[PDB]
Amino acid sequence: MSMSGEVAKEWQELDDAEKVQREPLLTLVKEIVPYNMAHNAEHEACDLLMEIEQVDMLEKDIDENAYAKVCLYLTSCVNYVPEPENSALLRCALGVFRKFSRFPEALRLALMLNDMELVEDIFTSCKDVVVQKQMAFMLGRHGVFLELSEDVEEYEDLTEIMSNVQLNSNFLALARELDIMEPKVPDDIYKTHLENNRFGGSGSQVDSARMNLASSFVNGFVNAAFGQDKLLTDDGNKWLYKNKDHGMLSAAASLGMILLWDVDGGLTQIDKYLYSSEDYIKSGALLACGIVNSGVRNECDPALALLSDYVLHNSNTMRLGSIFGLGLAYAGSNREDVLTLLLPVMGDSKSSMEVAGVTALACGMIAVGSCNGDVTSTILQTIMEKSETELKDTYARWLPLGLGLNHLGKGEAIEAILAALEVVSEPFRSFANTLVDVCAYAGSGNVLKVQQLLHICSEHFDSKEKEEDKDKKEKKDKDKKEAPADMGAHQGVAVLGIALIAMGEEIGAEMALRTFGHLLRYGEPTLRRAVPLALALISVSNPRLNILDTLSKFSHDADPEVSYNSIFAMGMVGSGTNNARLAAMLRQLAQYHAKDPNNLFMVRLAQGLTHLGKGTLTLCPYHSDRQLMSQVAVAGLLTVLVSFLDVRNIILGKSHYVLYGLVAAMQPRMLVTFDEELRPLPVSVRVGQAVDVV
Amino acid sequence: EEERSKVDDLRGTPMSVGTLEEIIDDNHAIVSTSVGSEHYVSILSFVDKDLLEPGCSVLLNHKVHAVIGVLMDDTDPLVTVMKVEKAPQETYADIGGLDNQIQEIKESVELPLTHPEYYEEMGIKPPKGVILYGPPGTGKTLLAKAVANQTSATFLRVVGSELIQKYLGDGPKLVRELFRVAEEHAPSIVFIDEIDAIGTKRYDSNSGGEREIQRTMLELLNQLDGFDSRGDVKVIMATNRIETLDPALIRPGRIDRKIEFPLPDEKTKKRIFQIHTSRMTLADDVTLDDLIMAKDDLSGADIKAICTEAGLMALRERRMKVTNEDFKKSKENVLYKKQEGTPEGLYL
């Protein structure tokens, strides 16, 4: 029309086509071009607001995309009867894709405020009600794929349209960086469960069909995999040759090659330090001396025979780390020892953990992939023989570590037989017992387990165990964002808030510093004692700046509890990387006059923060640790705990053979560390040796 | 408990706060309210008298001009200038083409702080920092190399400082009173950029003066000497000429090195313009070839806004969208030339 080319700037040229529509359709674009093409004229981009409607209903494309770059608004709502809307749109969906990538082979567009903003503004009404399958699948643009999805459970989003490996590499990469902000990640094949053949088949076919360049992520996956469930399901999903892949599987040659590789990059001193302690015979502590020979040798029988022969004296709990070394020696590769490992169980009525409960833990913890499947049914049958003498308390802590670890989705349920002894009703001992008892049975994930177990256990309710019982539901769902919704209660027991933020959020970035810092300032007193406990998880990103800074003020406090939770918060997550601040802090710590093990728990645990499974040959010298343990042991004088500290720094120091690192780069979580480490907070007598197993 | 409720009425309510004069070994404390007052207070506890030091503010109860307890307030106008903060979102990787030049300054400042293991085992240890400068207008572009140091621990951005020329403090201790308060919060970095003390030809305006102002600038000269320079408190200076510092100042430090920012060439122009347009998406119709080719020896900032002056006039035509009408008007700015000029003029 002639009004569009008028020199007058008076509004408006928009919406004018709605009043008279079919009549202007008799004309063509031939009248529109002289106004927009000629410069120094009024209404240059203003005429495009009327033109966008003319080219939209005519199905012409790349013309509407160019004329709508100025609008950015009327593109959303434009002429409403949905029948012309959804018709021309599906024609525009197939007509814009054919106008792009026609070179062929990119160059890529060229996110942007032109192409991406236009397809997103219309995508609103698309994702609202009608049709389906917008240009995100047709165009294949990975930038619009971030805006393609809508809020939904991601468990059903694991599937995707199959394509060539070329575009699949960019699709999996840009989706991974999208899923790091999202609860579920493409790496969830570890946790999930699932357990269907899908992840096993799709995991083995990513390297298909090449069997040569596939050495990575396959041969390197099976040797770094501690559980047999990974090497089991993948065995049926591994199609190379026939049936003879069992050699590299089963963790026989797998664990055997990496152990010799650790001796290569090793090794640990054997004859010098240990036989010097043999001249000192058995220490009066009867605490950390058992786990010494466990990881070291491995495999040698003579040092194993001296262990088993000495622990027949039955004295106290000393048998703990030693009998754990009986199985661990032969089981370093395979199978092993699982036959004679369970013999002392029924051969020693326990009547407690320190007598016959040690060897009962051996087959469970040293299993590491068994099942197999005899060990599962054997452990469940072995615990049915000893019930009233176990009973509900002391040994019920370690037993779940032998099932949920290897198989989280195991069909065998050990909870029903272990919950019949709950009638003891003792609120005190059940705290540290029922904490990981119901938690470490299985990873759950069905959401039906928390509902069942709560109805049968509570009944009523325990008024105490229900605290940790709800923490199992929080630990059940992994980083599913439901935990911030479960903290609205905030009971006076306060054990819920600390366990909720740590485990409830697992992500690359911290993001929890707003919630973690809020609960300590708003919380009641004595809650700040248990606040640092969350530093063992979210601090795996940057352990340097965040850990030692905040823990510098809490480490110098005279209170034993907050000083015990300070060095522990650093703990293992702070021992992954060395530093000069951790070494310089060691001074004045051993010179303190404070009594109780908390004084030496600070210093001696930080002595192992210089490295984990590194040295000594190759690399860092052991003479530095020998001079530090000798000079500090001349005080008090005994105080038998001075013989506990010199053997403590060599537990992880002289064992080596395992580089962790993290464990692990695959982002799992060790259930033996988080279990035991919560017990030393109300330390009494034997809760210290339970942590000594690690 | 009842402690806070019982002792709240002893000091107040309308109490006054003075300044501690001196400390006597007899436990008598002499407090001076403004102005010209004394007193004797005997208190054997709550001190904390060592952290105080004289010349500090302490409480005075109404009855009778006595201190209930000492607190650490303010402290001084100089400590406030450190915040805030900086630590921006920019990183050393956001600039390019200086990677060969920046690896010397980046590794020197990263030798302390992070990676201390090889720093402490050495036990020599060049914590001297560097000195920055360059043409035509750069030397704050070398501060963009410190934007990664700004994100590292605590940073202080300083141009001409404050107390140097304007009004003097007491001795070099101003930087050293910053060092003792930093030692709890350490590490830290104190930048120095574009010193205007000797940069101005005619000071504003006529003062006390053409002679003595050089002697109060000489106070700055001895303040940086310095007595006694030990740790860091990193010192990185940026200014035209280094010759203002006497050779006696170089003996305590800093003797490490000084770097110059050369004129970025066509490879550096395109790289600096690329990273700025990397995170924030650019336009495809604008080619980077004709921009870097038409210019010779220009910074990364100058190549930026010559495309802005095209987008400047672009909105007068009322286009938010990318339009080819600006492509010629941007190519016209390439034909406009004028990007660089400098004498010359001669035929050599």
# chains A, B, ... in the order shown; residues from 1 in each chain; ligands from 1
>>> interface_residues(of="chain A", to="chain B", cutoff="12 Å", atoms="only C-alpha atoms", output="mmCIF file with N, CA and C atoms, in the first residue's frame")
data_model
loop_
_atom_site.group_PDB
_atom_site.id
_atom_site.type_symbol
_atom_site.label_atom_id
_atom_site.label_comp_id
_atom_site.auth_asym_id
_atom_site.auth_seq_id
_atom_site.Cartn_x
_atom_site.Cartn_y
_atom_site.Cartn_z
ATOM 1 N N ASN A 36 11.555 -0.197 1.053
ATOM 2 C CA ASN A 36 12.639 -0.690 1.896
ATOM 3 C C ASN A 36 13.994 -0.616 1.203
ATOM 4 N N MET A 37 14.026 -0.731 -0.127
ATOM 5 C CA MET A 37 15.303 -0.713 -0.835
ATOM 6 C C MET A 37 15.872 0.699 -0.917
ATOM 7 N N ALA A 38 15.027 1.685 -1.204
ATOM 8 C CA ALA A 38 15.495 3.060 -1.321
ATOM 9 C C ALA A 38 15.838 3.620 0.053
ATOM 10 N N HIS A 39 17.060 4.130 0.191
ATOM 11 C CA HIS A 39 17.509 4.702 1.449
ATOM 12 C C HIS A 39 16.980 6.130 1.586
ATOM 13 N N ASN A 40 17.294 6.762 2.719
ATOM 14 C CA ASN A 40 16.864 8.130 3.019
ATOM 15 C C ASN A 40 15.346 8.275 2.958
ATOM 16 N N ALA A 41 14.624 7.235 3.368
ATOM 17 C CA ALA A 41 13.171 7.235 3.368
ATOM 18 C C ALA A 41 12.653 6.818 4.737
ATOM 19 N N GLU A 42 11.457 7.293 5.069
ATOM 20 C CA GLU A 42 10.850 6.983 6.354
ATOM 21 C C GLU A 42 10.254 5.579 6.339
ATOM 22 N N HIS A 43 10.183 4.974 7.526
ATOM 23 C CA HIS A 43 9.633 3.633 7.726
ATOM 24 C C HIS A 43 10.398 2.598 6.892
ATOM 25 N N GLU A 44 11.657 2.402 7.285
ATOM 26 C CA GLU A 44 12.480 1.371 6.663
ATOM 27 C C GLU A 44 12.202 0.008 7.286
ATOM 28 N N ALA A 45 12.541 -0.153 8.565
ATOM 29 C CA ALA A 45 12.242 -1.382 9.287
ATOM 30 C C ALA A 45 10.827 -1.408 9.848
ATOM 31 N N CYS A 46 10.124 -0.272 9.842
ATOM 32 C CA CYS A 46 8.754 -0.248 10.342
ATOM 33 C C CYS A 46 7.804 -0.958 9.385
ATOM 34 N N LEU A 48 8.485 -3.624 7.844
ATOM 35 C CA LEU A 48 8.665 -5.061 8.008
ATOM 36 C C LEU A 48 7.654 -5.666 8.973
ATOM 37 N N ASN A 65 12.415 -14.589 8.232
ATOM 38 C CA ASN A 65 13.468 -14.585 9.242
ATOM 39 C C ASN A 65 14.281 -13.299 9.183
ATOM 40 N N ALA A 66 14.456 -12.739 7.984
ATOM 41 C CA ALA A 66 15.240 -11.517 7.846
ATOM 42 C C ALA A 66 14.442 -10.292 8.275
ATOM 43 N N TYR A 67 13.135 -10.290 8.020
ATOM 44 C CA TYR A 67 12.292 -9.148 8.347
ATOM 45 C C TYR A 67 11.823 -9.138 9.795
ATOM 46 N N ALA A 68 11.942 -10.255 10.508
ATOM 47 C CA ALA A 68 11.533 -10.330 11.904
ATOM 48 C C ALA A 68 12.675 -10.060 12.874
ATOM 49 N N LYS A 69 13.886 -9.809 12.370
ATOM 50 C CA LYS A 69 15.009 -9.522 13.254
ATOM 51 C C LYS A 69 14.836 -8.189 13.972
ATOM 52 N N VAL A 70 14.110 -7.249 13.365
ATOM 53 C CA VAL A 70 13.878 -5.957 14.004
ATOM 54 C C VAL A 70 12.781 -6.063 15.056
ATOM 55 N N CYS A 71 11.700 -6.779 14.745
ATOM 56 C CA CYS A 71 10.546 -6.885 15.631
ATOM 57 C C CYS A 71 10.914 -7.445 17.000
ATOM 58 N N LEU A 72 11.242 -8.740 17.052
ATOM 59 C CA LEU A 72 11.621 -9.440 18.280
ATOM 60 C C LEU A 72 10.464 -9.529 19.272
ATOM 61 N N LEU A 107 28.965 -23.591 6.681
ATOM 62 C CA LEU A 107 29.328 -23.016 7.985
ATOM 63 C C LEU A 107 28.116 -22.807 8.891
ATOM 64 N N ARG A 108 28.305 -23.109 10.174
ATOM 65 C CA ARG A 108 27.223 -23.053 11.144
ATOM 66 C C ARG A 108 26.724 -21.622 11.320
ATOM 67 N N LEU A 109 25.449 -21.501 11.679
ATOM 68 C CA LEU A 109 24.814 -20.202 11.881
ATOM 69 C C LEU A 109 25.467 -19.428 13.033
ATOM 70 N N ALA A 110 25.750 -18.123 12.895
ATOM 71 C CA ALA A 110 25.514 -17.245 11.729
ATOM 72 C C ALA A 110 24.069 -17.219 11.226
ATOM 73 N N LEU A 111 24.567 -19.423 19.804
ATOM 74 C CA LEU A 111 23.257 -18.782 19.834
ATOM 75 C C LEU A 111 23.337 -17.372 19.257
ATOM 76 N N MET A 112 22.216 -16.882 18.731
ATOM 77 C CA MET A 112 22.166 -15.569 18.109
ATOM 78 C C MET A 112 20.775 -14.980 18.301
ATOM 79 N N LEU A 113 20.683 -13.661 18.144
ATOM 80 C CA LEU A 113 19.411 -12.964 18.281
ATOM 81 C C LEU A 113 18.593 -12.966 16.996
ATOM 82 N N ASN A 114 19.083 -13.607 15.935
ATOM 83 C CA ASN A 114 18.358 -13.667 14.673
ATOM 84 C C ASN A 114 17.680 -15.020 14.496
ATOM 85 N N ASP A 115 18.476 -16.069 14.283
ATOM 86 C CA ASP A 115 17.910 -17.388 14.021
ATOM 87 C C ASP A 115 17.421 -18.050 15.306
ATOM 88 N N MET A 116 18.226 -17.992 16.369
ATOM 89 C CA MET A 116 17.873 -18.697 17.599
ATOM 90 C C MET A 116 16.739 -17.999 18.340
ATOM 91 N N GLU A 117 16.721 -16.664 18.330
ATOM 92 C CA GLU A 117 15.661 -15.946 19.028
ATOM 93 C C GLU A 117 14.323 -16.089 18.314
ATOM 94 N N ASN A 542 37.791 -27.662 44.837
ATOM 95 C CA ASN A 542 38.958 -26.850 45.187
ATOM 96 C C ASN A 542 39.253 -27.038 46.668
ATOM 97 N N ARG A 544 41.975 -26.528 48.174
ATOM 98 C CA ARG A 544 43.037 -25.657 48.665
ATOM 99 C C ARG A 544 42.473 -24.443 49.397
ATOM 100 N N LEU A 545 41.758 -23.577 48.677
ATOM 101 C CA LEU A 545 41.374 -22.286 49.240
ATOM 102 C C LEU A 545 40.269 -22.425 50.281
ATOM 103 N N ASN A 546 39.304 -23.314 50.042
ATOM 104 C CA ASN A 546 38.111 -23.351 50.882
ATOM 105 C C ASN A 546 38.355 -24.066 52.208
ATOM 106 N N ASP A 549 41.401 -22.313 54.923
ATOM 107 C CA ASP A 549 40.970 -20.986 55.352
ATOM 108 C C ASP A 549 39.956 -21.077 56.487
ATOM 109 N N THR A 550 38.785 -21.657 56.207
ATOM 110 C CA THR A 550 37.715 -21.699 57.200
ATOM 111 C C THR A 550 38.082 -22.561 58.401
ATOM 112 N N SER A 552 41.061 -22.809 59.750
ATOM 113 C CA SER A 552 42.194 -22.287 60.506
ATOM 114 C C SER A 552 41.754 -21.760 61.867
ATOM 115 N N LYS A 553 40.558 -21.175 61.941
ATOM 116 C CA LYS A 553 40.061 -20.647 63.207
ATOM 117 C C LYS A 553 39.504 -21.752 64.097
ATOM 118 N N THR A 577 45.989 -33.539 47.716
ATOM 119 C CA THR A 577 47.073 -32.721 47.193
ATOM 120 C C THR A 577 47.860 -32.124 48.349
ATOM 121 N N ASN A 578 49.184 -32.125 48.218
ATOM 122 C CA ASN A 578 50.045 -31.553 49.241
ATOM 123 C C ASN A 578 50.023 -30.027 49.141
ATOM 124 N N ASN A 579 50.781 -29.379 50.022
ATOM 125 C CA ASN A 579 50.832 -27.923 50.109
ATOM 126 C C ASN A 579 51.862 -27.550 51.164
ATOM 127 N N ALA A 580 52.325 -26.299 51.103
ATOM 128 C CA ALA A 580 53.249 -25.796 52.111
ATOM 129 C C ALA A 580 52.539 -25.303 53.362
ATOM 130 N N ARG A 581 51.254 -24.956 53.260
ATOM 131 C CA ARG A 581 50.510 -24.522 54.437
ATOM 132 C C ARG A 581 50.198 -25.694 55.357
ATOM 133 N N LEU A 582 49.941 -26.872 54.785
ATOM 134 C CA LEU A 582 49.693 -28.056 55.602
ATOM 135 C C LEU A 582 50.972 -28.520 56.288
ATOM 136 N N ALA A 583 52.121 -28.295 55.648
ATOM 137 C CA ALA A 583 53.393 -28.697 56.241
ATOM 138 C C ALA A 583 53.840 -27.705 57.308
ATOM 139 N N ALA A 584 53.655 -26.407 57.051
ATOM 140 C CA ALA A 584 54.028 -25.395 58.031
ATOM 141 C C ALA A 584 53.108 -25.399 59.244
ATOM 142 N N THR A 610 50.375 -35.369 53.357
ATOM 143 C CA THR A 610 51.429 -35.033 52.409
ATOM 144 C C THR A 610 51.325 -35.820 51.109
#
>>> closest_residue(among="A:287, A:663, A:650, A:343", to="residue 688 of chain A", atoms="only C-alpha atoms")
A:287
>>> atom_distance(atom1="atom CA of residue 316 of chain A", atom2="atom CA of residue 381 of chain A")
26.7 Å
>>> select_by_dssp(residues="segment 266-304 of chain B", states="helix (DSSP H, G or I)", output="PyMOL selection string")
chain B and resi 266-279+289-293+302-304
>>> residues_around(residues="residue 297 of chain A", least_positions_apart="5", cutoff="12 Å", atoms="only C-alpha atoms", output="ChimeraX atom specification")
/A:259,263,267-271,274,291-292,302-307,322,324-332,654-657
>>> write_last_selection(atoms="C-alpha atoms", output="PDB file, in the first residue's frame")
ATOM      1  CA  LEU A 259      49.112 -54.423  41.062  1.00  0.00           C
ATOM      2  CA  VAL A 263      55.081 -52.388  42.339  1.00  0.00           C
ATOM      3  CA  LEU A 267      57.542 -49.663  46.191  1.00  0.00           C
ATOM      4  CA  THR A 268      56.995 -49.787  49.948  1.00  0.00           C
ATOM      5  CA  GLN A 269      59.702 -50.784  52.410  1.00  0.00           C
ATOM      6  CA  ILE A 270      59.103 -54.266  53.835  1.00  0.00           C
ATOM      7  CA  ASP A 271      62.015 -55.813  55.747  1.00  0.00           C
ATOM      8  CA  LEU A 274      58.448 -54.045  59.887  1.00  0.00           C
ATOM      9  CA  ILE A 291      45.920 -53.291  59.483  1.00  0.00           C
ATOM     10  CA  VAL A 292      49.666 -52.723  58.906  1.00  0.00           C
ATOM     11  CA  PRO A 302      54.874 -65.798  56.138  1.00  0.00           C
ATOM     12  CA  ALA A 303      53.869 -62.337  57.360  1.00  0.00           C
ATOM     13  CA  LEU A 304      50.257 -63.495  57.018  1.00  0.00           C
ATOM     14  CA  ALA A 305      50.986 -66.582  59.129  1.00  0.00           C
ATOM     15  CA  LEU A 306      52.475 -64.489  61.943  1.00  0.00           C
ATOM     16  CA  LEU A 307      49.275 -62.419  61.969  1.00  0.00           C
ATOM     17  CA  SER A 322      44.925 -58.619  61.097  1.00  0.00           C
ATOM     18  CA  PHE A 324      41.205 -58.349  57.396  1.00  0.00           C
ATOM     19  CA  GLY A 325      44.755 -58.862  56.134  1.00  0.00           C
ATOM     20  CA  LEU A 326      44.211 -62.618  55.867  1.00  0.00           C
ATOM     21  CA  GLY A 327      41.798 -62.302  52.951  1.00  0.00           C
ATOM     22  CA  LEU A 328      43.136 -59.076  51.451  1.00  0.00           C
ATOM     23  CA  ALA A 329      46.542 -60.694  50.842  1.00  0.00           C
ATOM     24  CA  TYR A 330      45.363 -63.489  48.542  1.00  0.00           C
ATOM     25  CA  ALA A 331      42.447 -61.415  47.194  1.00  0.00           C
ATOM     26  CA  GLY A 332      44.718 -58.700  45.775  1.00  0.00           C
ATOM     27  CA  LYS A 654      53.727 -47.607  54.055  1.00  0.00           C
ATOM     28  CA  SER A 655      50.814 -49.547  52.537  1.00  0.00           C
ATOM     29  CA  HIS A 656      50.837 -47.755  49.158  1.00  0.00           C
ATOM     30  CA  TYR A 657      49.863 -50.023  46.233  1.00  0.00           C
TER      31      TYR A 657
END
>>> select_by_dssp(residues="segment 139-198 of chain B", states="strand (DSSP E)", output="MDAnalysis selection string")
chainID B and resid 154:156 188:191
>>> write_last_selection(atoms="C-alpha atoms", output="mmCIF file, in the first residue's frame")
data_model
loop_
_atom_site.group_PDB
_atom_site.id
_atom_site.type_symbol
_atom_site.label_atom_id
_atom_site.label_comp_id
_atom_site.auth_asym_id
_atom_site.auth_seq_id
_atom_site.Cartn_x
_atom_site.Cartn_y
_atom_site.Cartn_z
ATOM 1 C CA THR B 154 43.386 -10.206 47.913
ATOM 2 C CA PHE B 155 44.146 -7.458 45.391
ATOM 3 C CA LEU B 156 44.524 -3.683 45.658
ATOM 4 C CA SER B 188 47.834 -9.995 49.160
ATOM 5 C CA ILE B 189 48.939 -7.919 46.169
ATOM 6 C CA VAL B 190 49.309 -4.122 46.047
ATOM 7 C CA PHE B 191 49.367 -2.762 42.498
#
>>> closest_residue(among="B:279, B:241, B:6, B:269", to="residue 134 of chain B", atoms="only C-alpha atoms")
B:241
>>> atom_distance(atom1="atom CA of residue 126 of chain A", atom2="atom CA of residue 29 of chain A")
28.9 Å
>>> closest_residue(among="A:627, A:463, A:689, A:202", to="residue 162 of chain A", atoms="only C-alpha atoms")
A:202
>>> residues_around(residues="residue 310 of chain B", least_positions_apart="6", cutoff="12 Å", atoms="only C-alpha atoms", output="ChimeraX atom specification")
/B:286,303-304,316-317,319,322-334,336
>>> residues_around(residues="residue 384 of chain A", least_positions_apart="2", cutoff="12 Å", atoms="only C-alpha atoms", output="list in words")
residues 346, 349, 377, 378, 379, 380, 381, 382, 386, 387, 388, 389, 390, 391, 414, 416, 417, 418, 420 and 421 of chain A
>>> write_last_selection(atoms="C-alpha atoms", output="PDB file, in the first residue's frame")
ATOM      1  CA  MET A 346      31.400 -70.236  62.814  1.00  0.00           C
ATOM      2  CA  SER A 349      27.929 -67.366  69.585  1.00  0.00           C
ATOM      3  CA  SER A 377      23.922 -66.588  49.663  1.00  0.00           C
ATOM      4  CA  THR A 378      26.780 -67.684  51.936  1.00  0.00           C
ATOM      5  CA  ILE A 379      26.891 -64.439  53.935  1.00  0.00           C
ATOM      6  CA  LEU A 380      23.097 -64.379  54.284  1.00  0.00           C
ATOM      7  CA  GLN A 381      23.151 -68.006  55.440  1.00  0.00           C
ATOM      8  CA  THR A 382      26.086 -67.412  57.794  1.00  0.00           C
ATOM      9  CA  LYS A 386      24.308 -66.368  64.698  1.00  0.00           C
ATOM     10  CA  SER A 387      21.460 -64.025  65.621  1.00  0.00           C
ATOM     11  CA  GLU A 388      20.837 -63.628  69.357  1.00  0.00           C
ATOM     12  CA  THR A 389      24.598 -63.393  70.016  1.00  0.00           C
ATOM     13  CA  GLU A 390      25.450 -60.810  67.325  1.00  0.00           C
ATOM     14  CA  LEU A 391      22.993 -59.285  68.112  1.00  0.00           C
ATOM     15  CA  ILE A 414      19.054 -58.909  54.035  1.00  0.00           C
ATOM     16  CA  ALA A 416      14.023 -58.392  56.792  1.00  0.00           C
ATOM     17  CA  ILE A 417      16.115 -60.935  58.700  1.00  0.00           C
ATOM     18  CA  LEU A 418      18.287 -58.255  60.331  1.00  0.00           C
ATOM     19  CA  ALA A 420      13.732 -58.828  63.675  1.00  0.00           C
ATOM     20  CA  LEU A 421      16.188 -58.079  66.510  1.00  0.00           C
TER      21      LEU A 421
END
